[PDB]
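Written below as structure tokens is the structure these notes are about.
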2 protein chains.
Amino acid sequence: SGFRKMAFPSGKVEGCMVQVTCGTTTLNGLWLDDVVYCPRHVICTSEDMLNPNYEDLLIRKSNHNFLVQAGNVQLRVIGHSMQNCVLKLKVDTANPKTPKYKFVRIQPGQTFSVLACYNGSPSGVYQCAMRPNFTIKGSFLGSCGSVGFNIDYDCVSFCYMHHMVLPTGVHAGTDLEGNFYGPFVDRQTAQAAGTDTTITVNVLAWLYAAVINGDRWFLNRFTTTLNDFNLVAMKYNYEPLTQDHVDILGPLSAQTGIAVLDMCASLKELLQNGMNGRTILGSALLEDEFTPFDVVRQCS
Amino acid sequence: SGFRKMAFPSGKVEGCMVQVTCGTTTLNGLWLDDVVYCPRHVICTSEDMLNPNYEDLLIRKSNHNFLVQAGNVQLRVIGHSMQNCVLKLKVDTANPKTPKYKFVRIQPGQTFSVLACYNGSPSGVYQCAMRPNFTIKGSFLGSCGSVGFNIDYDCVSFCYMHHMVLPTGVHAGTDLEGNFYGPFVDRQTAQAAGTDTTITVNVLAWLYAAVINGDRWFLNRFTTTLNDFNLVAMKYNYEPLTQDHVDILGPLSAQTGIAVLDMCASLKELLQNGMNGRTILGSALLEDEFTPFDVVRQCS
């Protein structure tokens, strides 16, 4: 019963969050095995950030310039190297709380949980989605280095590490191999994120979640084709719906008895008519940060 | 930057969730020290639930009738007693992952994090609020026994344990001492929850959060009195605002430079006029599940 935005249990990730200080800058790091991962811009001064040469800046840095703290333990750095935009600090102690993990690079429209931290200490956890323009709308104050993750069986799939807030207020980051999501760079300049679109397959999954929970007023009598729907969808800044998206929604269609293209026709009428002051699952707008897998996971 | 509904890190609570089975019924339990806490209706059959006599039903139960599982460990029950509506199962092993904890009974309008579990295994975590009518709108499927909690410094304050879904779809539970929140009983009958109201002090805190994050269009030029505001508030099913509520909002007023009664005047106009198709922090309705402490915690 009920449907809320749910984050994964954060226990396995809390045991990996450490503090990393370089000069006056203090941000968060991820301590897996004997390596601490953190954004490489921790080595930059505020003046360096305008046009940094990270290769030259890192060469000037010494191992003792990085102060790593794990709760009350001071971790000695015995080596440091640069992995794209992620600084890797080799430490003399392996994390005894290291979970089974992997590094994944997710797709636009996929969701994950963020363990927001400050000074290496966990503050809270929340669920968000990678926007189609590779930004994320989160809660980031000293929050740099906080990671995004999913949990599959007993394995923690790390997929995101926060790096910066754009002047537009949106957030940008990298995967755990240091590659930025989107066209962004770790440099203090004006950076334009692309036109953001609505994750169509996520809206349809959220509409199925409403039907599963008894909220059905928006269902109509029609069907449509993928092509006819996408013509209406492109006018309202919705991502085009693919046959892969229809196949992904299959299980929800089976549980509800509502064909995917039938639900697409209901969404098509919702876009052209609006809600007329009505709500769906307690929301007055269409929610697009629940993937079809998220709905299946919570409803099962 | 940004403002999302955030839950506490769930690590300390995950190490306490166990499975409790009695007959065909399997729900969740809380393993603190050498005691496992779970709803007492686990001992009821579906026919017993219509009109249960828990004292007589518990007397017929034996220690070996309770199957407690902690991951892969079978916990032997060496004793059982009834604490109001909470069954306390004394086990032969103390939980080595027992955190520093306390049992608190919260007030209507306060928030907490729920670690939703199924068969003693954590599924997800989310933030919710105790409605003024002592119900909660959550995500509960086998979810009975999942607990709500806050974190203060290093201490886990357990405040809620889920017991049942009302036929109205709302959820009801108890504190960790077994006392129900509200007029509800652990008995399968039609139970009316009171008329629910909007947590006024939470809306005002959420409006301050919008001002802190640059969303200011709703601010007007007026002020009001507590009495004049409450006359308008009672017409729209908002809880009356007290002087204690005004004192609680003090810090947010100091950070924003907007007096509490000035913000009350802005909310008064929002209730009478609506939003006129506008959004506040990305929402088309007024959010009331952020306490003033929640806003202070996330924004600081």
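Chain identifiers are assigned as A, B, and so on, following the order in which chains appear in the structure tokens; residues are numbered from 1 within each chain, and ligands are numbered from 1 in order of appearance.
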Pull out every residue of chain A sitting within 7 Å of chain B, counting only C-alpha atoms, and send them as number ranges by chain. A: 1-11, 14, 122-126, 137-141, 169, 284-285
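Omitting residue 156 of chain B and its sequence neighbours fewer than 2 positions away, and counting only C-alpha atoms, the residues within 7 Å are residues 100, 101, 102, 149, 150, 151, 152, 154 and 158 of chain B.
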Skip residue 215 of chain B itself and residues of its chain fewer than 2 positions away, then list as a count of residues only all residues within 7 Å of it, counting only C-alpha atoms. 6
Taking only C-alpha atoms into account, which of B:71, B:286, B:220, B:21 comes nearest residue 274 of chain B?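 Going through B:71, B:286, B:220, B:21 one by one, the smallest distance to residue 274 of chain B is for B:286.
Restricting the calculation to only C-alpha atoms, the smallest distance between residue 51 of chain B and any of B:242, B:291, B:266, B:188 is found for B:188.
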Residue set, segment 115-278 of chain A restricted to helix (DSSP H, G or I), as a PyMOL selection string: chain A and resi 200-212+226-235+243-248+250-256+260-273
Who sits within 10 Å of residue 30 of chain A, only C-alpha atoms, same chain under 2 positions skipped, as a short mmCIF file (atom, residue, chain, number, x, y, z; two decimals) with C-alpha atoms, in the first residue's frame:
```cif
data_model
loop_
_atom_site.label_atom_id
_atom_site.label_comp_id
_atom_site.auth_asym_id
_atom_site.auth_seq_id
_atom_site.Cartn_x
_atom_site.Cartn_y
_atom_site.Cartn_z
CA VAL A 13 28.13 2.88 1.78
CA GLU A 14 28.35 4.60 5.19
CA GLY A 15 31.32 2.42 6.14
CA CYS A 16 33.26 3.78 3.15
CA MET A 17 32.87 7.55 3.58
CA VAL A 18 36.02 9.39 4.68
CA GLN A 19 37.21 12.99 4.93
CA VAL A 20 39.80 14.33 2.48
CA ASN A 28 34.29 13.60 0.93
CA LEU A 32 37.36 1.02 -0.98
CA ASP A 33 40.13 -1.51 -0.23
CA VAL A 35 42.26 3.39 -2.25
CA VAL A 36 40.36 6.60 -1.49
CA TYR A 37 38.41 8.14 -4.38
CA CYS A 38 37.54 11.84 -4.43
CA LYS A 88 42.97 8.12 -6.29
CA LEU A 89 44.77 8.21 -2.93
CA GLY A 120 33.25 12.59 5.49
CA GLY A 145 32.69 13.54 -3.13
CA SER A 146 29.31 12.11 -2.11
CA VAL A 147 28.48 9.10 -4.25
CA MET A 161 30.30 11.02 -7.58
CA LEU A 176 33.80 6.23 -10.38
#
```
Distance of atom CA of residue 48 of chain B from atom CA of residue 23 of chain B, expressed in Å to one decimal place: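 Computed distance, atom CA of residue 23 of chain B to atom CA of residue 48 of chain B, equals 12.7 Å.
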Residues of segment 23-267 of chain A in strand (DSSP E or B), written as a PyMOL selection string: chain A and resi 25-32+35-39+67-70+73-75+77-83+86-91+101-103+111-118+121-129+136+147-152+155-165+171-174+180+198+238
I want to know what sits within 10 Å of segment 254-265 of chain A, based on only C-alpha atoms, with residues of the same chain fewer than 4 positions away left out; could you give that as a PDB file with N, CA and C atoms, in the first residue's frame?
```pdb
ATOM      1  N   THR A 200      10.043   9.921 -20.583  1.00  0.00           N
ATOM      2  CA  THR A 200       8.708   9.427 -20.905  1.00  0.00           C
ATOM      3  C   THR A 200       8.452   8.053 -20.293  1.00  0.00           C
ATOM      4  N   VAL A 201       9.429   7.147 -20.393  1.00  0.00           N
ATOM      5  CA  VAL A 201       9.232   5.790 -19.889  1.00  0.00           C
ATOM      6  C   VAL A 201       9.054   5.795 -18.376  1.00  0.00           C
ATOM      7  N   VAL A 203       7.494   8.289 -16.679  1.00  0.00           N
ATOM      8  CA  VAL A 203       6.129   8.750 -16.436  1.00  0.00           C
ATOM      9  C   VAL A 203       5.144   7.603 -16.605  1.00  0.00           C
ATOM     10  N   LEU A 204       5.318   6.807 -17.662  1.00  0.00           N
ATOM     11  CA  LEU A 204       4.422   5.680 -17.899  1.00  0.00           C
ATOM     12  C   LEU A 204       4.499   4.669 -16.764  1.00  0.00           C
ATOM     13  N   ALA A 205       5.706   4.411 -16.255  1.00  0.00           N
ATOM     14  CA  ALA A 205       5.848   3.511 -15.115  1.00  0.00           C
ATOM     15  C   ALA A 205       5.153   4.074 -13.883  1.00  0.00           C
ATOM     16  N   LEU A 207       2.581   6.075 -13.946  1.00  0.00           N
ATOM     17  CA  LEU A 207       1.146   5.939 -14.173  1.00  0.00           C
ATOM     18  C   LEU A 207       0.676   4.526 -13.858  1.00  0.00           C
ATOM     19  N   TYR A 208       1.491   3.523 -14.193  1.00  0.00           N
ATOM     20  CA  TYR A 208       1.173   2.152 -13.811  1.00  0.00           C
ATOM     21  C   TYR A 208       1.160   1.997 -12.296  1.00  0.00           C
ATOM     22  N   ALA A 209       2.099   2.651 -11.608  1.00  0.00           N
ATOM     23  CA  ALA A 209       2.111   2.612 -10.149  1.00  0.00           C
ATOM     24  C   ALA A 209       0.827   3.195  -9.575  1.00  0.00           C
ATOM     25  N   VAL A 211      -2.130   3.123 -11.098  1.00  0.00           N
ATOM     26  CA  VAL A 211      -3.173   2.135 -11.349  1.00  0.00           C
ATOM     27  C   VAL A 211      -3.080   0.993 -10.346  1.00  0.00           C
ATOM     28  N   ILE A 212      -1.859   0.547 -10.038  1.00  0.00           N
ATOM     29  CA  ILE A 212      -1.674  -0.525  -9.063  1.00  0.00           C
ATOM     30  C   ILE A 212      -2.210  -0.114  -7.698  1.00  0.00           C
ATOM     31  N   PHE A 218      -7.370   8.756 -14.817  1.00  0.00           N
ATOM     32  CA  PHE A 218      -6.807   9.245 -16.071  1.00  0.00           C
ATOM     33  C   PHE A 218      -6.915   8.245 -17.217  1.00  0.00           C
ATOM     34  N   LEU A 219      -7.300   7.000 -16.945  1.00  0.00           N
ATOM     35  CA  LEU A 219      -7.421   6.003 -18.002  1.00  0.00           C
ATOM     36  C   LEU A 219      -8.601   6.329 -18.909  1.00  0.00           C
ATOM     37  N   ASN A 220      -8.368   6.290 -20.218  1.00  0.00           N
ATOM     38  CA  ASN A 220      -9.418   6.524 -21.200  1.00  0.00           C
ATOM     39  C   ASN A 220      -9.625   5.266 -22.045  1.00  0.00           C
ATOM     40  N   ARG A 221     -10.400   5.410 -23.120  1.00  0.00           N
ATOM     41  CA  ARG A 221     -10.821   4.269 -23.921  1.00  0.00           C
ATOM     42  C   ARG A 221      -9.928   4.000 -25.126  1.00  0.00           C
ATOM     43  N   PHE A 222      -8.954   4.859 -25.403  1.00  0.00           N
ATOM     44  CA  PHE A 222      -8.227   4.818 -26.662  1.00  0.00           C
ATOM     45  C   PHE A 222      -6.929   4.023 -26.554  1.00  0.00           C
ATOM     46  N   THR A 223      -6.338   3.783 -27.722  1.00  0.00           N
ATOM     47  CA  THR A 223      -4.971   3.318 -27.903  1.00  0.00           C
ATOM     48  C   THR A 223      -4.290   4.289 -28.864  1.00  0.00           C
ATOM     49  N   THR A 224      -2.989   4.111 -29.070  1.00  0.00           N
ATOM     50  CA  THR A 224      -2.257   4.876 -30.066  1.00  0.00           C
ATOM     51  C   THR A 224      -1.114   4.015 -30.584  1.00  0.00           C
ATOM     52  N   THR A 225      -0.408   4.537 -31.578  1.00  0.00           N
ATOM     53  CA  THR A 225       0.825   3.934 -32.055  1.00  0.00           C
ATOM     54  C   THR A 225       2.013   4.669 -31.448  1.00  0.00           C
ATOM     55  N   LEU A 226       3.168   3.998 -31.452  1.00  0.00           N
ATOM     56  CA  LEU A 226       4.391   4.641 -30.984  1.00  0.00           C
ATOM     57  C   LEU A 226       4.663   5.925 -31.754  1.00  0.00           C
ATOM     58  N   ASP A 228       2.460   7.903 -33.465  1.00  0.00           N
ATOM     59  CA  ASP A 228       1.479   8.941 -33.162  1.00  0.00           C
ATOM     60  C   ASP A 228       1.717   9.541 -31.783  1.00  0.00           C
ATOM     61  N   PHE A 229       2.126   8.713 -30.819  1.00  0.00           N
ATOM     62  CA  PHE A 229       2.413   9.218 -29.480  1.00  0.00           C
ATOM     63  C   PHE A 229       3.624  10.141 -29.493  1.00  0.00           C
ATOM     64  N   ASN A 230       4.690   9.732 -30.186  1.00  0.00           N
ATOM     65  CA  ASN A 230       5.925  10.509 -30.179  1.00  0.00           C
ATOM     66  C   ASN A 230       5.749  11.867 -30.844  1.00  0.00           C
ATOM     67  N   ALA A 233       4.398  13.707 -28.130  1.00  0.00           N
ATOM     68  CA  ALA A 233       5.360  13.797 -27.036  1.00  0.00           C
ATOM     69  C   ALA A 233       6.431  14.844 -27.314  1.00  0.00           C
ATOM     70  N   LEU A 241       9.566   7.683 -27.176  1.00  0.00           N
ATOM     71  CA  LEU A 241       9.385   6.344 -26.635  1.00  0.00           C
ATOM     72  C   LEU A 241       9.807   5.313 -27.675  1.00  0.00           C
ATOM     73  N   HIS A 245      11.568   0.649 -24.757  1.00  0.00           N
ATOM     74  CA  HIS A 245      10.807   1.185 -23.633  1.00  0.00           C
ATOM     75  C   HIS A 245       9.485   0.446 -23.461  1.00  0.00           C
ATOM     76  N   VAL A 246       8.836   0.086 -24.570  1.00  0.00           N
ATOM     77  CA  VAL A 246       7.585  -0.663 -24.489  1.00  0.00           C
ATOM     78  C   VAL A 246       7.832  -2.055 -23.920  1.00  0.00           C
ATOM     79  N   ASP A 247       8.926  -2.700 -24.335  1.00  0.00           N
ATOM     80  CA  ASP A 247       9.257  -4.013 -23.792  1.00  0.00           C
ATOM     81  C   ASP A 247       9.590  -3.928 -22.307  1.00  0.00           C
ATOM     82  N   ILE A 248      10.236  -2.839 -21.883  1.00  0.00           N
ATOM     83  CA  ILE A 248      10.574  -2.676 -20.473  1.00  0.00           C
ATOM     84  C   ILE A 248       9.313  -2.559 -19.623  1.00  0.00           C
ATOM     85  N   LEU A 249       8.251  -1.959 -20.162  1.00  0.00           N
ATOM     86  CA  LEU A 249       7.014  -1.772 -19.413  1.00  0.00           C
ATOM     87  C   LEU A 249       6.110  -2.997 -19.421  1.00  0.00           C
ATOM     88  N   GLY A 250       6.517  -4.078 -20.085  1.00  0.00           N
ATOM     89  CA  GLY A 250       5.712  -5.270 -20.222  1.00  0.00           C
ATOM     90  C   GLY A 250       5.153  -5.831 -18.926  1.00  0.00           C
ATOM     91  N   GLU A 269      -3.512  12.156 -23.674  1.00  0.00           N
ATOM     92  CA  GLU A 269      -4.616  13.032 -23.298  1.00  0.00           C
ATOM     93  C   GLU A 269      -4.251  13.896 -22.098  1.00  0.00           C
ATOM     94  N   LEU A 270      -3.452  13.358 -21.172  1.00  0.00           N
ATOM     95  CA  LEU A 270      -3.025  14.142 -20.017  1.00  0.00           C
ATOM     96  C   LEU A 270      -2.164  15.325 -20.440  1.00  0.00           C
ATOM     97  N   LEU A 271      -1.319  15.135 -21.456  1.00  0.00           N
ATOM     98  CA  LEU A 271      -0.448  16.216 -21.904  1.00  0.00           C
ATOM     99  C   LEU A 271      -1.238  17.311 -22.608  1.00  0.00           C
ATOM    100  N   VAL A 296       8.458  -1.752 -10.120  1.00  0.00           N
ATOM    101  CA  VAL A 296       8.376  -3.194  -9.900  1.00  0.00           C
ATOM    102  C   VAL A 296       8.983  -3.565  -8.552  1.00  0.00           C
TER     103      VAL A 296
END
```
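Here atom CA of residue 94 of chain A and atom CA of residue 31 of chain A stand 8.2 Å from one another.
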